[PDB]
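Peer 1: I'd like to ask you about the structure that follows.
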2 protein chains.
Amino acid sequence: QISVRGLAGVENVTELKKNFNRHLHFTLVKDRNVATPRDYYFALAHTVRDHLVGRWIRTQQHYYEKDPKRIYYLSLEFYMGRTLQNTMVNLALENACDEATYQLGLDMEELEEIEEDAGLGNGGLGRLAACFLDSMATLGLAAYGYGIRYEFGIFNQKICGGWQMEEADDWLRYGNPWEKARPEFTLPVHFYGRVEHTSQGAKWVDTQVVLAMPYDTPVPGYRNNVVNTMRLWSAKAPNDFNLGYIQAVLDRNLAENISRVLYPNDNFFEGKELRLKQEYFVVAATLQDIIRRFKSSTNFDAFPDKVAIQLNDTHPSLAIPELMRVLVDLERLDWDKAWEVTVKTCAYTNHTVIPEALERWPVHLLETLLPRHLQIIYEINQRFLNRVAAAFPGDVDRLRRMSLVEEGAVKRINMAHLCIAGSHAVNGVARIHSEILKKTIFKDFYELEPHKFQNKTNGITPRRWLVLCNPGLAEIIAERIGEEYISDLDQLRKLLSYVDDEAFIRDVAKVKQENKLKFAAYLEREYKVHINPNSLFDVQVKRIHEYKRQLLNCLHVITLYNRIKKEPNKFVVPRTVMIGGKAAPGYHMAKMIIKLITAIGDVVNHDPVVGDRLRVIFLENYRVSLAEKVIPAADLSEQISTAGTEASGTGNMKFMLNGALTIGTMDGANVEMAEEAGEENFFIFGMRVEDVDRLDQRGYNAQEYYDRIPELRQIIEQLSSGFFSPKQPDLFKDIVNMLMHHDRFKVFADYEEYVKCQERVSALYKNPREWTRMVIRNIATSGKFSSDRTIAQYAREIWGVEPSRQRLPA
Amino acid sequence: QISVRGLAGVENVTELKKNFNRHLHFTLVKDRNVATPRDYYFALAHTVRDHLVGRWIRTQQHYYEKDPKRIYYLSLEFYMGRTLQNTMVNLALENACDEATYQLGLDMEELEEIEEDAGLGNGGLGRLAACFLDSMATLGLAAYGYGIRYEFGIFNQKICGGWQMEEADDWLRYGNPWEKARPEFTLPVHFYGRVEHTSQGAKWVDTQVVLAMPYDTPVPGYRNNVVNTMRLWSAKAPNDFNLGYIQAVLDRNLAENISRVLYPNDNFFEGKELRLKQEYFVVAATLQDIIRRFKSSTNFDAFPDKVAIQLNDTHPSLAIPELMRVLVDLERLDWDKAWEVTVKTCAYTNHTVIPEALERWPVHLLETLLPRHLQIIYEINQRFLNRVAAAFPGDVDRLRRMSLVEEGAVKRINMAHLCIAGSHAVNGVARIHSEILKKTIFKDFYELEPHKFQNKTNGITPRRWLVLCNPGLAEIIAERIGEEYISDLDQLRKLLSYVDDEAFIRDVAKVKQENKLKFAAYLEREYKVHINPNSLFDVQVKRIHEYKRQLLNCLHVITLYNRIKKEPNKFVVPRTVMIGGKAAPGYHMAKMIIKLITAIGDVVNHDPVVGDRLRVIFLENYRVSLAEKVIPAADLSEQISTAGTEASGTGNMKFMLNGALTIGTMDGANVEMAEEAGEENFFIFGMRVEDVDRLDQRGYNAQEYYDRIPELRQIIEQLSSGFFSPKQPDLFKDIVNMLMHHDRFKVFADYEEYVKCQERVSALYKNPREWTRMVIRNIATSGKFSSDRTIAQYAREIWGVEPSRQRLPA
Ligand SMILES: CC(=O)N[C@]1(C(N)=O)O[C@H](CO)[C@@H](O)[C@H](O)[C@H]1O
Ligand SMILES: CC(=O)N[C@]1(C(N)=O)O[C@H](CO)[C@@H](O)[C@H](O)[C@H]1O
Ligand SMILES: *Cc1c(COP(=O)(O)O)cnc(C)c1O
Ligand SMILES: *Cc1c(COP(=O)(O)O)cnc(C)c1O
């Protein structure tokens with residue numbers, strides 16, 4: 001047992017054991033003779049869950065009594081991952097449970113692997129929401145996460161013949177012990193219908209009704225006895241729905257399809273009706289809940305003092321016109337008063353600048369689905385443009401650029417413009433991203449209301465991303481500076497005075513080696529794949545995207561391979577290149593990239609001459625639980641997106657906190673990370689945002705690079721001739737064609753500097769001691785990237801509430 | 001507290017209370033400050049449930065050790081009703097829980113009303129299966145009820161404008177505390193595909209796979225510590241199902257629709273594909289489970305010694321060819337050996353003789369859905385007819401009459417013929433019904449294999465239908481003969497020596513009066529309807545059907561009304577005529593009858609001259625929980641189906657056990673009931689089966705009755721002229737037209753004798769003392785109609801197992 005995992009008291013271990021047996025008997029209705037590991041996992045989950053309820057009930061009762069300002073974090077995604085270990089960590093029950101299960105003759109780590117990931121997210125945006133919930137609870141904020149309870153989360157990725165195959169993520173199959181259905185708080189949500197204009201107000205009538213049933217999941221703060229709530233809505237059809245008879249009953253599924261599945265798109269907008277329904281569904285149900293809670297604390301002037309609504313991107317942007325609809329149509333407030341309340345209540349966070357990810361809904365869709373909201377949006381736009389016109393008289397083009405309504409083929413509503421107009425604060429997720437917002441995408445808006453624009457650099461929770469996934473590292477750190485850093489990551493700074501400490505250097509390196517052995521083993525157990533634990537673990541895990549440039553990584557791998565075949569008996573630092581991530585089902589290029597990766601592996605991994613010097617592995621079904629395993633085992637973190645495309649990135653922070661060195665571009669949060677650790681302790685390369693713009697003004701011509709770089713030329717010719725696809729020589733024609741003629745992300749432009757930088761990485765790896773010393777400098781300066789810091793800034797600069805680290809009663 | 005409700009021990013009441021509070025806290029995650037009656041109901045349900053698990057686990061472990069012959073009761077319907085009180089009754093926890101909740105300041109009766117009925121049945125057939133499970137557990141048989149877990153059971157009936165409106169029975173909305181999902185025992189079921197004939201055997205390939213997930217519900221025996229299992233299958237789509245992406249995920253519902261809803265038809269066959277899928281689904285999953293359990297006890301010669309499969313009607317008839325498919329195709333047994341095993345394992349129970357209820361599936365449907373089963377059925381038919389041909393040489397018409405395959409417009413498979421051929425026993429559900437089977441419908445089959453035909457008169461469980469719904473009556477009975485009768489109903493005979501006992505007569509009458517007041521009150525509480533508790537409670541509750549002749553009851557009500565208007569100041573015994581029951585959604589005539597009933601009420605209930613002398617009420621949403629309320633409060637039980645149409649009837653037995661006198665035809669079980677109590681203690685009237693046949697040979701002409709009975713003529717003219725439907729004068733034209741020209745059930749033919757008999761009933765009611773004495777004679781002789789007797793006969797004469805009343809350890 002390690003210190004950071006809590007005490008294994010005599011009384012508590014005994015109590016845990018009896019409750020474990022009670023649940024196995026009464027809850028699972030099983031005896032030890034027929035119980036399977038899954039049954040044991042559930043018995044443990046219910047045992048741990050019991051310890052939450054007491055705190056959950058008093059935390060909520062506490063907020064009722066003290067009535068603080070409530071924070072409502074609206075998101076269509078909450079990438080939670082597993083809950084068992086995280087709960088034990090935050091409740092200081094890990095060692096006790098480890099001991100108790102040990103005495104029952106069970107391996108707790110084996111049981112934890114049985115829990116299904118709650119994959120209600122796609123990647124960064126969803127995971128961010130998860131880290132935020134953890135931090136808000138840890139900082140004692142009366143926060144509520146509101147989203148959708150998807151029956152099917154992000155699809156499970158299978159690799160067949162080197163191709164990605166998707167299969168339903170039936171995560172609720174065996175039941176979810178963490179959620180508590182609250183059917184008693186079911187709310188009605190309206191769709192379609194029409195607008196009637198009577199004497200005293202407009203009415204939305206003849207609507208189709210869908211019920212929203214809430215499910216509450218506890219969110220425990222770190223050892224402070226605070227347990228907040230994440231409320232996920234589930235779609236239910238009313239009972240007089242469609243009410244020949246048989247068909248009417250079967251058609252109930254049409255209404256319940258709203259919460260059936262998560263759209264698997266990462267940084268891409270797909271204007272489908274079902275998605276719009278999901279967005280309004282979560283918004284409509286949540287707002288009624290918010291107002292209900294408010295009225296139970298009618299002058300809505302105090303609404304903004306008791307309520308803060310944070311929009312995670314534009315997905316829940318309809319909250320703005322829905323809040324207006326309710327205040328104006330239902331509560332009968334005058335427009336101006338209602339608008340004042342709305343702006344002061346809502347804040348919007350932008351997560352990207354790539355045009356294809358921007359939500360622009362066709363007016364005809366809103367027209368049919370939400371007629372009243374479309375009217376309110378036109379009215380908002382009207383009054384907004386009147387302000388623009390008055391601020392910039394005669395600037396007609398600005399008016400059309402800022403309009404919430406975009407003209408053209410089909411009129412569309414720019415949801416981002418809607419969010420800026422109806423929010424008192426708009427923020428980017430990293431300094432460079434936030435600056436880009438003010439200088440480009442939202443320049444006109446920043447000019448009109450500069451006070452609205454802020455920055456809130458992303459962060460990650462040190463509980464799940466350090467203590468939970470890397471106990472060995474958390475331990476050796478605690479041994480030298482205590483445990484306070486876990487909820488005050490800035491204290492890792494103190495590790496700077498151990499950079500020359502021989503014992504520490506040795507332990508840091510030892511922990512990494514153990515993590516690598518542990519992962520190298522897992523690889524063979526669950527995926528029959530052998531790798532050399534002594535090689536440098538070069539990993540790039542994140543969603544497959546052209547802007548992420550997994551292709552640039554591929555070019556390097558092929559370069560390494562060609563160099564080896566060129567001079568076989570020459571020494572080179574051994575490397576295990578691991579690339580993992582899911583591709584959106586309809587993203588063809590992303591799926592071709594996955595195939596290319598596996599294709600490269602097929603050649604490289606079986607070339608006798610290469611031996612154990614180079615291995616290319618594609619990490620299947622990358623998800624939160626897998627991240628917790630690979631990240632602690634990585635040496636090199638690949639954060640190589642084209643400058644200006646990765647709003648922030650969070651995977652980069654996870655790697656930095658876990659002892660991996662970073663090779664990347666000055667993009668997103670990488671800039672601040674390098675700034676914190678010092679550029680000398682970072683492997684920075686490639687074009688800066690300015691270099692990219694210069695190239696765009698000049699005109700990007702990939703051919704130029706192809707003509708001037710022999711090694712690059714050789715790679716393209718190998719791809720084109722079928723060297724990596726014998727049976728299908730032209731298999732990768734689309735890839736080569738894109739690289740050569742329409743590469744929006746300038747892969748070739750950063751090739752030379754990338755490769756060169758990679759050589760510097762290999763050189764440092766040859767010097768174990770100095771590599772580890774640089775690692776210590778990174779870990780020691782990663783404190784700024786804790787989501788506790790991020791949330792503290794949101795609370796103080798946007799929500800107007802003070803974080804607290806005071807422990808609530810037991 | 002009453003004696004039959006068990007002891008309210010000091011230790012147990014204390015234990016119950018703490019566990020109630022534990023569940024409210026840890027299970028429902030609520031505090032007393034926010035708990036609603038529903039939360040309290042669930043806390044109690046979980047508390048009671050806890051007492052079942054221990055016994056449930058050892059009962060099943062017991063069967064594993066002793067390995068007795070297992071009884072598998074296959075049914076597409078299990079009309080369970082509520083489970084809370086029944087569980088308390090069988091566990092002798094009722095008084096303790098009553099006390100415990102009392103001390104917690106809660107009214108247990110109020111909490112029981114919150115439980116949703118498990119309405120997984122239509123009427124008699126489904127309820128019979130429920131009573132049987134209760135009796136099999138009480139008799140210590142290793143029995144398993146196997147069926148489908150419908151998401152939506154029988155629809156909830158709403159009456160709007162006097163018309164029936166159906167609405168989804170979302171009984172799982174708030175969760176079901178009684179079931180235990182067993183996802184670990186999920187089994188695959190195949191559909192469609194084709195048959196491949198290879199060298200060594202035929203193969204069923206290219207099939208669509210649907211998963212069957214089982215949910216187990218405990219079935220406690222009466223105070224014997226036995227807890228059997230009812231396993232209900234739920235349809236689940238495999239995860240690589242349909243696996244653009246979004247659509248594939250949404251289409252999973254196509255496969256899961258199989259267990260979505262119960263077909264609401266009572267005694268009517270609807271040849272829909274979805275229904276056929278449900279039938280094979282339950283059969284395929286169940287048989288794999290049966291064989292699995294058998295192999296874990298490969299000579300299948302002992303299969304019939306360890307397994308008995310009872311087919312509740314033909315709904316699960318595919319078990320016969322499915323068992324053959326498995327034994328022949330999968331286990332590779334020779335046909336003859338397989339057939340021997342199948343016949344010795346299966347037994348079939350017929351529940352009706354009406355042609356429209358007989359299952360005849362179109363060959364083209366089986367051809368597409370279950371190609372292999374169709375081949376097996378042809379093969380069975382072939383060999384079967386060869387036996388017929390050899391037994392009755394040259395009788396070509398017999399061959400075509402007995403064929404499992406019916407020729408004509410579209411070829412169909414007669415499932416009843418299939419069941420007779422593949423079963424070692426076939427039984428009717430009442431003596432007269434069983435005789436009718438041998439003399440008519442299955443005459444040819446009886447001639448070929450007379451040994452197969454048996455009778456097993458239906459019964460009802462005295463636990464739910466006496467002790468649970470009528471504690472007051474169970475108590476006064478127990479006070480004079482003890483409690484042993486509850487599991488040995490024949491002992492009620494002893495009450496015969498109290499027929500002249502003044503105290504007993506007074507108590508029996510008192511209990512009835514209290515039940516009537518209790519019901520008259522409930523009527524006003526939940527349905528704002530006032531009635532006179534001193535009137536005779538004339539009730540007919542059962543599914544709406546023409547053969548049940550609710551119309552004959554209507555004619556009498558109208559007769560009573562017309563007589564009163566004719567002589568207003570003449571005295572007549574006051575009556576409250578209550579009619580209730582659901583009509584199948586697509587059964588037009590049944591829906592018109594409901595409207596007629598409410599229409600009669602509209603006129604009769606508001607006629608000043610009638611006063612409180614006559615009231616016509618339609619009992620809305622008749623279901624098991626409502627039956628438990630009305631039956632104990634009834635004085636007169638209407639069992640007036642045309643002789644030969646009601647196979648048995650079970651509602652009739654419920655009324656007899658609860659102190660109501662019966663007016664009915666010599667049909668179904670009424671014959672045996674009258675035989676048991678003595679015809680002098682029964683109000684028998686109308687045509688006997690023989691009279692009906694005579695009339696059919698002559699030719700039924702309704703006009704004749706219309707011309708010779710003035711009162712009848714007046715009623716038809718009132719209906720035709722719009723007397724009961726002013727705004728819509730011809731509203732009931734279909735009813736009159738049917739009555740006059742195509743009445744398959746000869747309503748007019750029994751009118752005169754019915755009315756006359758009703759006069760005899762009123763006469764006896766005027767003499768309280770003698771009415772009650774006749775009641776005592778009925779209750780005292782109702783013992784034969786206990787399902788314990790029925791099940792004991794099934795066990796000894798069909799399954800070959802001995803019932804046991806021995807209590808298993810605590
Ligand atoms: C739209 C969207 O999901 N954007 C992203 C992401 N996950 O892709 O949000 C996360 C969280 O802010 C950022 O770190 C990524 O750089 C940004 O692209
Ligand atoms: C088919 C069918 O459900 N038949 C019925 C019924 N419920 O309608 O079965 C029950 C139980 O045996 C019998 O009492 C009824 O007389 C018979 O009609
Ligand atoms: C952290 C995380 C991400 C975000 O990774 P980036 O490299 O910032 O894109 C995505 N997926 C999972 C499973 C994560 O844990
Ligand atoms: C007993 C019962 C029946 C069967 O009634 P019959 O009069 O035999 O048709 C039908 N429905 C319910 C709810 C029952 O309790």
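Following the order of the structure tokens, first chain is A, next is B, and so on, with residues numbered from 1 inside each chain and ligands from 1 in the order they appear.
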As a quick test: using only C-alpha atoms and all ligand atoms, which residues lie no more than 9 Å away from ligand 2? Give them as a PyMOL selection string.
Peer 2: chain B and resi 122-129+265-268+312-313+349-354+357-358+428-430+433+457-459+542-543+645-652+668-669
Peer 1: At a cut-off of 7 Å, which residues of chain A touch chain B? Count only C-alpha atoms and give the answer as a VMD selection string.
Peer 2: chain A and resid 26 29 50 53 166 to 168 174 183 239 to 240 243 245 249 to 250 257 585
Peer 1: How about saving the chosen residues, C-alpha atoms kept, as a CSV table (one decimal), in the first residue's frame?
Peer 2:
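Written file, again.csv:
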```csv
chain,number,residue,atom,x,y,z
A,26,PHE,CA,-29.0,-8.9,-1.2
A,29,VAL,CA,-28.7,-12.1,-5.4
A,50,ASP,CA,-22.9,3.8,-0.3
A,53,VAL,CA,-25.0,9.0,-0.6
A,166,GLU,CA,-17.5,0.8,-35.6
A,167,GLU,CA,-19.8,-1.0,-33.2
A,168,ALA,CA,-22.4,0.2,-30.8
A,174,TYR,CA,-25.1,-4.6,-17.4
A,183,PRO,CA,-38.6,9.9,-12.8
A,239,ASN,CA,-48.3,7.7,-22.7
A,240,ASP,CA,-51.0,9.1,-24.9
A,243,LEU,CA,-52.7,7.4,-28.9
A,245,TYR,CA,-52.6,0.3,-31.6
A,249,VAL,CA,-46.8,1.8,-29.3
A,250,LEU,CA,-43.8,0.9,-31.5
A,257,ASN,CA,-34.4,8.3,-30.4
A,585,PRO,CA,-17.6,7.2,-39.3
```
Peer 1: Return the single residue from A:228, A:86, A:639, A:532 that is closest to residue 62 (chain A), with distances computed using only C-alpha atoms.
Peer 2: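 Closest candidate: A:228.
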Peer 1: Give me the residues near residue 465 (chain B) as a PyMOL selection string, where near means some atom within 8 Å (using only C-alpha atoms) and where sequence neighbours in that chain fewer than 5 positions away do not count.
Peer 2: chain B and resi 460+470+628+654+657-658
Peer 1: Hey, what's within 12 Å of residue 10 (chain A) if we count only C-alpha atoms and toss same-chain stuff fewer than 5 positions away? As a list in words, please?
Peer 2: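 Selected residues are residues 15, 16, 17, 95, 96, 97, 99 and 100 of chain A.
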Peer 1: Can you tell me which residues surround residue 43 (chain B) at a distance of at most 6 Å, considering only C-alpha atoms, apart from same-chain residues fewer than 3 positions away, and format the answer as a PyMOL selection string?
Peer 2: chain B and resi 20+23-24+40+46
Peer 1: Quick one: DSSP strand (DSSP E or B) residues in region 574-734 of chain B, as a list in words?
Peer 2: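 Residues meeting the strand (DSSP E or B) criterion: residues 575, 576, 577, 578, 579, 580, 614, 615, 616, 617, 618, 619, 636, 637, 638, 639, 661, 662, 663, 664, 683 and 684 of chain B.
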Peer 1: From the list A:294, A:42, A:78, A:204, which residue is nearest ligand 1 when using only C-alpha atoms and all ligand atoms?
Peer 2: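 Of all the options, A:78 lies closest to ligand 1.
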Peer 1: Within 6 Å of residue 580 (chain B), counting only C-alpha atoms, which residues qualify if same-chain residues fewer than 2 places away don't, as a list in words?
Peer 2: residues 541, 618, 619 and 622 of chain B
Peer 1: What does the distance between CA of residue 686 (chain A) and CA of residue 753 (chain A) come to in Å, to one decimal place?
Peer 2: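 Result for CA of residue 686 (chain A) versus CA of residue 753 (chain A): 5.8 Å, one decimal.
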Peer 1: Rank A:256, A:602, A:334, A:359 by their smallest atom-to-atom distance to residue 269 (chain A), using only C-alpha atoms, and report the top residue only.
Peer 2: A:359
Peer 1: Using Å and a single decimal, report how far CA of residue 575 (chain B) sits from CA of residue 764 (chain B).
Peer 2: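 Answer for the CA of residue 764 (chain B) to CA of residue 575 (chain B) separation: 13.3 Å.
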Peer 1: Counting only C-alpha atoms, what is within 6 Å of region 547-555 of chain A, bar same-chain residues fewer than 2 positions away, as a list in words?
Peer 2: residues 545, 557, 558, 641, 745 and 747 of chain A
Peer 1: Please write the residues from the selection above to a file, keeping C-alpha atoms, as a PDB file, in the first residue's frame.
Peer 2:
```pdb
ATOM      1  CA  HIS A 545      -7.970  14.530 -37.874  1.00  0.00           C
ATOM      2  CA  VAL A 557       8.109   6.851 -39.164  1.00  0.00           C
ATOM      3  CA  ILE A 558       8.651   6.032 -42.832  1.00  0.00           C
ATOM      4  CA  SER A 641      -1.012  20.192 -35.157  1.00  0.00           C
ATOM      5  CA  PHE A 745      -2.614  21.756 -43.129  1.00  0.00           C
ATOM      6  CA  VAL A 747       2.189  18.686 -43.796  1.00  0.00           C
TER       7      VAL A 747
END
```
Peer 1: Could you state the separation of CA of residue 636 (chain A) and CA of residue 537 (chain A) in Å, given to one decimal place?
Peer 2: 6.1 Å
Peer 1: Please return, as number ranges by chain, all residues of region 185-365 of chain A that DSSP assigns to alpha helix (DSSP H) on the basis of the backbone.
Peer 2: A: 245-250, 252-256, 273-295, 303-306, 319-325, 335-345, 363-365
Peer 1: Between B:296, B:454, B:368, B:461, which has the minimum distance to residue 64 (chain B) (counting only C-alpha atoms)?
Peer 2: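 Among the listed residues, the smallest separation from residue 64 (chain B) belongs to B:296.
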Peer 1: Select, from B:718, B:229, B:637, B:576, the residue with the minimum atom-to-atom distance to ligand 4, counting only C-alpha atoms and all ligand atoms.
Peer 2: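 Closest candidate: B:637.
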Peer 1: Calculated over only C-alpha atoms, which of the candidates B:397, B:475, B:797, B:546 has the smallest distance to residue 746 (chain B)?
Peer 2: B:546
